[PDB]
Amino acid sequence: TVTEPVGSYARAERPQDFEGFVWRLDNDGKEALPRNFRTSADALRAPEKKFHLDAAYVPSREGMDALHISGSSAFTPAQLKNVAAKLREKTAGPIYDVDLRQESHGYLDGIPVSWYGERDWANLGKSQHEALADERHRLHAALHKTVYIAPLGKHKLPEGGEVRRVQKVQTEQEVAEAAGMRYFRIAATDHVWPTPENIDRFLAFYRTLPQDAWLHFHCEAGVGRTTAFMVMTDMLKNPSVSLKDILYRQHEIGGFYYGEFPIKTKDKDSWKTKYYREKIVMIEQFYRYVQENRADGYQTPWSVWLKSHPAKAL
């Protein structure tokens, strides 16, 4: 019938095809803050043209001051400290570093890096555990080793960079704890909608949070996956507001825009189209999930609910 239901198109891809091959530089550290740093309490800004949105429209801000959420890109330990210091001014509640990265990542001599593979799919198809297992080993194996760490440029291949003998090896968790942030990991594969597993995990985590918890989501670039969860929490926590208000709202503060829009990639990025389209349909299904489990505390697992309310492709 359906080998892969809408929302799992990525399962049809072959892991053995995007294995890691270089340590990517996640952030060079020139900035005091990570890229795309945004807060739920920020003021809404002008939309991006590409998204063909109505700049004259004014989204509700209902529940945003209480949403208590932030997003951003990968960071250097110093930057996490700046982020945390900055969030502390807005809460006496514990600040979580919600790592949404499935790809193996950590710090080498304080330098943020990750094991990069084609399409950042070096851990594609792995269970969360296997994913983190790879992370620990890859990281630990670098200690006292001569590594090549590089940024990506043309064609997403290494370009320039540096080579050194790692003396200190750190884990996101270690850096975050040290920054005074609680750590929570959700290994979501890059460019695609999160698996029902990723979302179940988040739901379970969401339900347990202290009323005054501040969530700082972040992926590699801080746009795709990170906006995904900022949008989910927004709905989850403020189910009164409209799909439109939240999508618009989450975008106008610095996030990606999760509504239909003239998708226009380049010949070399054509593979991404179906994934942008799959995401657009799945944010819409998550909204529906919420409205339907609003009454309870979202006690019904999303994965189970998805199987009996499959999404139609659009």
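Position 1 is the first residue in the sequence shown; the rest follow in order.
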- Hey, which bit's got the bigger mean C-alpha B factor in the entry, 193-201 or 166-174? 166-174
- Item | Mean temperature factor over C-alpha atoms, higher-scoring stretch between 266-274 and 35-43 | 266-274
- For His52, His251, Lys279, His68, the deposited C-alpha B-factor is largest at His52
- Record-listed C-alpha B factor of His216: chain third: lowest
- Task: Taking the chain's C-alpha temperature factors as the reference, tell me which third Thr146 falls into: lowest, middle or highest.
- Result: middle
- Split the chain's modelled residues into thirds by Cα B-factor; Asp26 lands in the lowest
- By the record's CA B-factor, is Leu209 among the lowest, middle or highest third of residues in the chain? highest
- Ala12's Cα B-factor: lowest, middle or highest third of the chain? lowest
